[PDB]
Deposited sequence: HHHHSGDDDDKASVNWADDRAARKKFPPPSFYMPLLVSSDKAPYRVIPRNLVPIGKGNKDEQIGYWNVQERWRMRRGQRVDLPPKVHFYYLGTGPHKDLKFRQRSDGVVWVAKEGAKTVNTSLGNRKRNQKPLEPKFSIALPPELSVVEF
């Protein structure tokens, strides 16, 4: 029972961009978990889709996805693989399907560029900066 904050929690990582066409749930591999936090049983979570559009003179833009460990983030309440549109689940071998201890990024902490053990598929790219 922490104090309530005004905005949903930030990701530890920079987002990926989904360049097309195919659904994020289609293109993000089962085991696309960023490397470098938690123990082996904590390499599990989800990518949350952000739909993106802008006015120039409505232009639909590639969506972004942001990664959160299981039991953290905007969908901290969801059990592993509980169905929610725009939520894409990932886990590596050895993970356990329980809430992790990792919390959320502090707002003034810069996000990290996510690195992986697998190649990114062609439709996924890291958003730099």
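Student: Could you list the ranges of the deposited sequence that have no C-alpha atoms in the model?
Tutor: Those parts of the chain that were deposited but carry no coordinates are 1 to 19, 77 to 78.
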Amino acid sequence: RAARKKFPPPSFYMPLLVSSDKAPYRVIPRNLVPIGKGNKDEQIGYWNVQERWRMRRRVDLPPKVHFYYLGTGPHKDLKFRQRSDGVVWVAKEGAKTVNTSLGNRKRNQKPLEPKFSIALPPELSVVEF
From here on, numbers count along this sequence of modelled residues.
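Student: Would you tell me which stretch averages the higher CA B-factor in the PDB entry, 47 to 55 or 74 to 82?
Tutor: Mean C-alpha B-factor is greater for 47 to 55.
Student: Given the B-factors recorded for C-alpha atoms, which segment has the greater mean, 62 to 70 or 23 to 31?
Tutor: The entry gives the higher C-alpha B-factor average to 23 to 31.
Student: Looking at the entry's B-factor column for C-alpha atoms only, identify whether residue 36 ranks in the lowest, middle or highest third of its chain.
Tutor: Highest third - that is where residue 36 ends up once the chain's C-alpha B-factors are sorted.
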